[PDB]
Every structure is written in structure tokens, then in C-alpha cells.
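Values below: all heavy atoms of this structure, side chains included; hydrogens, waters and symmetry mates excluded. The chain is numbered in sequence order, starting from 1. Numbering of ligands and ligand atoms starts at 1, following listing order.
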Amino acid sequence: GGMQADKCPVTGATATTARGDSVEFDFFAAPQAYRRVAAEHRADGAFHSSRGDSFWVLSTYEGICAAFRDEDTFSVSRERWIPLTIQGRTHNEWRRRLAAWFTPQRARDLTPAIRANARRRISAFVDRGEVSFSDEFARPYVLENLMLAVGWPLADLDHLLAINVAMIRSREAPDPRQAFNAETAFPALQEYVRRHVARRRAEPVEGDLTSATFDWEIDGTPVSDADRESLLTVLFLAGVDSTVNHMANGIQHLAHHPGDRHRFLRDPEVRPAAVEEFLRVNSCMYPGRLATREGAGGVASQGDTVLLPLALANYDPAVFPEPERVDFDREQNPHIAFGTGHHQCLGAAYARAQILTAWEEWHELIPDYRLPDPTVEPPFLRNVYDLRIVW
Ligand code: HEC
């Protein structure tokens, strides 16, 4: 019968296959769970989940970066979302058209507005001594900033906020008093986007992103309404929650760790580096890719789904020594909280400006604050949560 199946017949070379059984791993898990499962099961840079359709999970910084940077091997095809699912020359064309609206210089141009927004909002609840940080401050703050950058009329903020919240709460028990719910939130967004395209088509506006797309060409022809609506939908879906939840996880840490709060308070020059360290620490996205050939990443088969969890890349101890430590003075922080390769976040400079500015204005008006029940170990904030801060 068989012997030494470990060894290639005839030549006898030892198989270099990744060493592990599949696990029944749920991709909808928290970063701490990704890291625990990875620690127990990763073999040669990956582990495999048999759950559902099944998928590979890469587990090293080097491997995850390499996959992000090799679109031919790790495809973004899924279903058409501009620009997330576009590749190659056409994707670069979309990014070229979009670039001017999201440059570092434009983020700086918008920072006085962002700052006025934060200061206005925080000043309005400083007398209360408490706030639900994300529901009442961070989410409408971030959405207001997004609407300013993309050109959605600010009179529509309450509407778009209600859609956003209905999406976040889509797995909660239904609330029959709500005008938007799990089933209607996305169609409501699509209808809003269609109305917005019609508004700007009837009356184009200088410096308005939607109005500019009417003159855009891609692949040598005018942009279609379908692609225009897709793009606007993606900007809404992409441009709020990750920023909000990075803001909330960072402020929750400072509320619980007086030494780090005092550093942030007394040392303005460290604040940009602190934002980058929190971006590393609180990363939780797991972008997926489709393996286009056998042996992708050395483990995947053609047609396999491969996840690239930032919670693993940004905690790789070969790159980030003592990775669980929040260290504002961390000497080497090449984190990929915004991804890497061609699809690297369009909004990274804007998100950085929003987070830093909000925390700056927060500490000007609320220098000292805490969590209300300090007998609870503060959880990682994601999905539906309520971050109460008191002062
Ligand atoms: C101003 C809008 C905007 C904001 C704000 C924003 N994003 Fe993005 N992000 C995008 C868009 C649009 C893309 C898709 C880019 C592409 O596919 O070429 C993207 C892509 C990404 C990707 C790459 C996904 C992949 O499949 O490769 C990551 C990671 C990411 N964003 C993380 C973040 C994080 C973390 C934050 C907040 C700290 C954030 N983004 C804030 C618009 C935004």
C-alpha cells in the first residue's frame, strides 16, 4: 500500500504543503478571535476554514501584503461595485478621476471645516457630562464630513444618518416604529443616489463630485448612470463606519488608560503617531480575494476565497514587536490599516484628518473623562454597540 505519502514519488522531495486541518471558523468574528484561531491553527502563513463555502485565511504581514499587491493572482471580482470590484487599467482610470477629490492637500483644505464641525458638536453636549460617543457625536460628525467631500446637501444628513443606522442595526430585533429597516435601507440609499444624480443633472454645481462625473470618460466612453450610481453608493457605504469605529475604539482606550490619555492631552506633537498606532491596533476589516490559479499564496486552489485580515497583518510580531501593546512611540509602524496595492483606501488621508481633528477638539473641551462602569473590561467596539463616556 502507500508509504511516505509525504514524499513526491520518483524524486522523493518532501511536500511543502501548509500543515493543518480545516477548522469550522466563522469569518464574522472579532479581531481577537482571528488572532487566537491563527495562533492555534495557522500553518506556513495560513489556516483554512471549512465553514460554509469554505475559505483560506492568510495570517502573516508579508503574505497578506503580497496578496494585496498581486491582483492577477488574488482577484477582486465577486456583482459590480465601483471601484472595489474593478481591476487593471480600468480601475486605475477610476482612481485617476477620483484622486483630486481625496488628496492629502484636499484633506488639509477641509480640515478647518472638519474642526468647526467637531467643535460645534462637542460644545453642544459638554454641559451634559455624558454622551453616547458614536450615536450622538462620531457618526453624524463623520457623515457630515463625508457629505461635504462628496457633495451631498447637508439638509439630508438626518435622512442619510437614519439609513446608515438601519444598516448597522440590521441584525437586531426589528423595531416596527422605524421608517428604515434591514430590508429597506439599501433600496432607500439607491433611491437617494438616483435622486441626487437627477438633481445635479438638472442643475450642475461647480466643485461637486457628481456634477463632475457627467464629463468623465472611462474606457474611452462616458461614464454610465449605472456606474455613477454604483460609485456614489460605494462612497456612502465605505465612508462612515470604519472611521466612526476607529474613533470610538481609540477614545474608549484613552477613557480607560489614564497614562495614555495624559500623554495625548499634554503632548500635541505625538497625536499623529498616536492616531497611526490606534489605526494599527483597532484594525478589523478582512478584505476578500478570489484565487485565480492553483497554488495562490502557496496554499489556495483556483476559485478559492482568500481573506486578508488586517487584524492579523497589523499584529504580526515579526513586524510589530509586542503587537498587543498600544505604544504611541512605536518605532516601526508600517501598518496596513488602509490596505495596500491598487485598492488601498481612497479616503485614508480624509479619515486620518477626521480622527485626529475630532480627538484634538475633544481634549480641548473634555480633557478628562472616563467610562461609567469601570468594573467591566471594555470590549472591542464593532457592529451594534453603545459607547457611553462621562465627565
Ligand atoms: C472618503 C471615503 C472613505 C473613507 C472616509 C474611508 N474609506 Fe476606505 N475606501 C474607500 C473607497 C472608495 C475604497 C475602495 C478603493 C478601491 O477599491 O480602489 C476603500 C477601500 C478601503 C480598503 C481596501 C479594501 C480592499 O478590498 O482592498 C481598506 C482596508 C479601507 N478602505 C479601510 C478604511 C479605514 C480603516 C477607514 C477609516 C479609518 C476608511 N477606509 C475610511 C473610501 C473611504
**Asked** Going by atom types only, do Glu79 and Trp81 share a side-chain donor-acceptor pair under 3.5 Å?
**Response** yes

Just jot down the ligand 1 atoms closer than 4.0 angstrom to any heavy atom of [X], in number order.
X	result
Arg289	25 (C), 26 (O), 27 (O)
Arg95	15 (C), 16 (C), 18 (O)
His246	35 (C), 38 (C)
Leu84	14 (C), 17 (O)
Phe68	27 (O)
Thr243	5 (C), 37 (C), 41 (C)

If we only consider heavy atoms of [X], is any one of them less than 4.0 Å away from an atom in ligand 1?
X	answer
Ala337	yes
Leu310	yes
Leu279	yes

**Request:** Verify the ring-centre separation between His363 and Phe264: is it less than 6.0 angstrom?
**Result:** yes

**Request:** Taking the six-membered ring for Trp and the single ring otherwise, decide whether the centroids of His91 and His343 are under 6.0 Å apart.
**Result:** yes

**Item:** Distance under 6.0 Å and angle within 45° of ring axis: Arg388 vs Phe133
**Value:** no

**Asked** Is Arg106 positioned over the aromatic face of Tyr350, cation under 6.0 angstrom from the ring centre and no more than 45 degrees off axis?
**Response** no

Please determine whether a side-chain nitrogen of the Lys or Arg among [X] and [Y] lies less than 4.0 Å from a carboxylate oxygen of the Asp or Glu.
X	Y	result
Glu93	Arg96	no
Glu71	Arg289	no
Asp135	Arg169	yes
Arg121	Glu144	yes
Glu361	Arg120	no

**Matching residue for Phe278 among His257, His253, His246 - test: ring pair (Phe, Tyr, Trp, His ring centres under 6.0 Å)** = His253

**Complete:** With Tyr286 as partner, the option from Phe28, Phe25, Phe55, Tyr34 fulfilling ring pair (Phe, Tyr, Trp, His ring centres under 6.0 Å) is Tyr34

Which residue supplies the protein heavy atom nearest to [atom], what is that atom called, and how far is it?
atom	result
atom 32 (C) of ligand 1	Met285 SD, 3.4 Å
atom 1 (C) of ligand 1	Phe102 CE2, 3.4 Å
atom 17 (O) of ligand 1	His343 ND1, 2.8 Å
atom 24 (C) of ligand 1	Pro287 CG, 4.2 Å

**Request:** Could you tally the protein N/O/S atoms lying less than 2.8 Å away from atom 8 (Fe) of ligand 1?
**Result:** 1

**Message:** For atom 18 (O) of ligand 1, which of the options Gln87, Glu71, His91 provides the nearest non-hydrogen atom?
**Reply:** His91

**Request:** Only one of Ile163, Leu157, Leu161 passes side-chain contact (heavy atoms from CB on, under 4.5 Å) with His159; say which it is.
**Result:** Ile163

